[PDB]
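In what follows, a single structure is set out as structure tokens and then discussed.
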């Protein structure tokens with residue numbers, strides 16, 4: 022313990038779950054989000070699954086406002102799109118920086134993780150309680166025990182798609198899991214991850230009672246590849262999509278395309294450009310594209326962490346604002362309708 | 023719905039009572055760390071060598087290997103500081119045998135409590151003969167059971183980018199080598215060393231086997247391991263010059279893995295990589311402070335024979351002697367250059 026400063030007590034999952042119960046609405050919402058997401062990625066439904074919302078959540082009330090606008094849009098476009106809100110609680114850093122709402126809910130380097138788990142769970146109940154399903158990046162392998170009952174979708178980030186621990190984690194999650202392609206822009210690691218996660222694994226993990234035990238998973242048949250560009254370039258276009266389709270094994274689920282990150286080339290204004298190219302593929306009969314991801318907030322851009334934060338603006342990566350989001354989604358729903366025409 | 027179930031797990035503290043370190047084991051681990059630190063931080067002009075099997079599946083074969091390695095270590099100690107690879111955890115490309123801890127019987131029964139007892143008994147057995155050991159830290163819970171015996175940890179190419187493994191390293195009491203990425207570039211290993219040098223706060227399992235919030239202090243003894251990848255091998259002078267060019271101030275010396283990416287998928291290339299690395303060292307390259315060698319009693323591998339790897343192919347004992355004696359010579363030559 023030369024490099025361990027200390028340990029602080031942590032409430033168990035079971036304890037937090039009693040303290041912050043899911044409402045029946047929250048639970049039905051999470052189940053429905055899972056059902057719709059499965060039906061889409063497995064080709065039973067010809068709608069597109071859309072994971073859309075903030076790069077990260079740092080503000081429960083602004084997250085609620087965003088959610089109410091998203092749910093309204095989602096009610097309008099539900100013939101064409103199954104919408105899940107990005108409610109991301111955990112942020113992998115290039116080196117160091119704010120890791121998200123759980124790790125440091127006060128965003129002031131006090132690292133009050135019990136309050137962070139309380140805030141995260143309260144947030145997930147608040148969003149799902151209005152009938153809006155949520156998804157998050159599953160970065161921590163312990164935190165999902167606190168939150169999994171409320172979640173309809175998990176992502177594994179580009180920096181952890183290759184990680185055996187994250188493939189083991191995904192193999193035991195009760196909802197669909199998207200693996201990002203690697204930061205270098207190649208697909209093989211995400212295809213490999215979906216294979217690995219489809220198998221049962223045995224590994225040490227923390228239970229609802231907060232104790233380590235040996236977990237046996239069943240394997241998760243609802244993992245899919247997310248194309249998110251990378252060093253080798255963007256990969257949302259028809260040729261990259263064809264390339265991806267060629268690498269997918271029998272039994273594979275549909276592809277999801279992330280408009281942001283590697284596919285935006287360091288500029289949120291590019292998300293609508295990626296939309297137009299993806300919509301052209303879909304409208305013209307591409308059925309292997311079953312999902313998209315969009316980094317969207319109330320207002321566009323991002324800001325520094327100095332509290333004196335501007336309302337409704339990301340404190341991590343730059344997002345498109347709400348108004349651009351509505352345009353992009355209506356455009357995407359139009360493309361879904363056209364694809365239906367092509368398929369008849 | 024996707025959890026079949028949970029089986030009880032002995033706590034780290036329990037297993038530490040059940041399989042105690044000897045005083046020699048503890049001293050050996052401490053010495054291994056001191057020596058590795060002095061090398062990677064430039065205090066000592068010997069080279070640090072992490073050498074031994076791709077993986078351990080057989081404690082008796084590992085012991086006989088250790089006894090040969092400890093004897094060679096005593097011969098070459100003015101020039102090399104040797105730590106044995108005792109790798110218990112193996113990351114797979116998709117699926118396959120994950121190593122001794124996960125499935126000690128190698129038959130898909132997954133008796134993790136027995137794997138942890140075999141792992142700890144193995145680590146005691148090796149350090150008890152005065153030979154320090156090192157392992158890849160894949161599992162973030164496993165180190166609680168074994169850390170007192172370990173002098174070096176590696177983070178594999180597939181997990182150098184993972185925030186969880188950078189957090190882990192920041193709290194380990196020994197030097198940690200981050201492998202470069204599977205694409206063959208070093209940026210992610212440089213970033214990882216930066217990240218692991220900082221204090222972190224995260225949920226982790228304690229010695230009593232319960233989850234708690236850990237605060238780490240940061241690990242200043244992390245270094246980059248050059249291990250090739252898609253982009254090509256990276257053990258040559260140009261690769262080393264490019265690597266030194268991206269190291270921040272305060273960086274530790276580089277380690278070169280002779281195997282994996284650097285071997286073009288062919289264990290017989292490790293002595294060729296040795297020649298090229300020796301030539302740089304002998305001629306005055308002081309940034310190369312460590313090497314890593316996949317070595318066993320007998321050469322090659324086998325699919326799932336005594337002294338032969340069941341994972342990646344290794345060089346055999348005799349080749350290993352020759353490689354390490356040549357390396358030692360290169361170290362002596364570098365001392366001459368630096369005068």
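Chains as they are written, first to last, in the deposited numbering: chain A, 22 to 327, 332 to 369; chain B, 23 to 326, 335 to 369. Even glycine gets a Cβ: it sits at the ideal position worked out from N, Cα and C.
- Between residue 256(B) and residue 248(B) a beta carbon distance of about 5 Å is seen, short of the 8 Å cut, so the two are scored as contacting.
- Following the DSSP letters along the chain, one finds residue 87(A) in no beta strand (DSSP E) but inside the alpha helix (DSSP H) bounded by residues 81-98.
- As the crow flies, the alpha-carbon of residue 101(B) is around 19 Å from that of residue 52(B).
- With fewer than 16 other CB atoms across the displayed protein chains lying within 10 angstroms of its CB, residue 42(A) is exposed.
- Under the 8 Å criterion on CB atoms, residue 28(B) is classed as interfacial with respect to chain A.
- The beta carbon of residue 296(B) is closer than 7 Å to those of 280, 353, 356 and 357 in its chain, skipping five residues each way along the sequence.
- DSSP places residue 209(A) in the helix class (H, G or I) of the three-state scheme.
- Beyond the five residues adjoining it in sequence on each side, residue 205(B) comes within less than 8 Å, by CB distance, of 251, 252 and 253 in the same chain, given in chain order.
- Within the segment 142-180 of chain A, complete beta strand (DSSP E) segments of at least 3 residues are found at 155-158 and 174-177, given in chain order.
- None of the residues of the segment 54-85 of chain A has a beta carbon lying less than 9 Å from any beta carbon of chain B.
- Boundaries of the alpha helix (DSSP H) harbouring residue 187(A): 185-192, taken from the DSSP string.
- C-alpha of residue 284(B) to C-alpha of residue 273(B): approximately 22 Å in a straight line.
- Residue 223(B) is bridged by DSSP to 237(B).
- Burial is judged here by how many other beta carbons sit within 10 angstroms of a residue's own beta carbon; residue 180(B) has at least 16 and is buried.
- Residues of chain B with a Cβ closer than 7 Å to the Cβ of residue 143(A) do not exist; the shortest Cβ-Cβ separation is about 18 Å.
- In this chain, the beta strand (DSSP E) harbouring residue 198(B) covers 198-201.
- CA-to-CA, the gap between residue 236(A) and residue 190(B) works out to about 21 Å.
- Against chain A, the CB of residue 157(B) has no partner CB under 8 Å away; the residue lies outside that interface.
- Straight across, the Cα-Cα distance linking residue 174(B) with residue 186(B) is about 18 Å.
- Looking from the CA of residue 270(B), the closest CA among 304(B), 214(B), 301(B) and 226(B) belongs to 214(B).
- Around residue 160(B), the same chain offers 111 and 113 as residues with beta carbons nearer than 6 Å, after the five sequence neighbours per side are excluded.
- With respect to chain A, the C-beta atom of residue 163(B) has a partner C-beta closer than 8 Å.
- Proximity of chain B to residue 213(A) at the Cβ level (cut-off 7 Å) is accounted for by 115 and 116, in chain order.
- DSSP lists 345(B) as the bridge partner or partners of residue 317(B).
- DSSP links residue 323(A) through a beta bridge to 339(A).
- Residues of chain A with a Cβ closer than 7 Å to the Cβ of residue 31(B) are, in chain order, 225, 233, 234 and 235.
- Residue-level contact check: residue 39(A) does not touch chain B, since none of the beta carbons of chain B fall below 8 Å from its beta carbon.
- Short of 7 Å from the beta carbon of residue 338(A), and not among the five residues preceding or following it, lie these beta carbons of its own chain, in chain order: 318, 320, 322, 323 and 324.
- A residue is called buried once 16 or more other Cβ atoms fall within 10 Å of its Cβ, and residue 90(B), having fewer, is exposed.
- For a cut-off of 8 Å, the C-beta gap from residue 29(A) to residue 218(B) is around 21 Å, too long to register as a contact.
- Between residue 266(A) and residue 309(A), the gap from beta carbon to beta carbon is short of 8 Å.
- Among the residues facing chain A, residue 238(B) is included, as its CB has a counterpart in that chain under 8 Å away.
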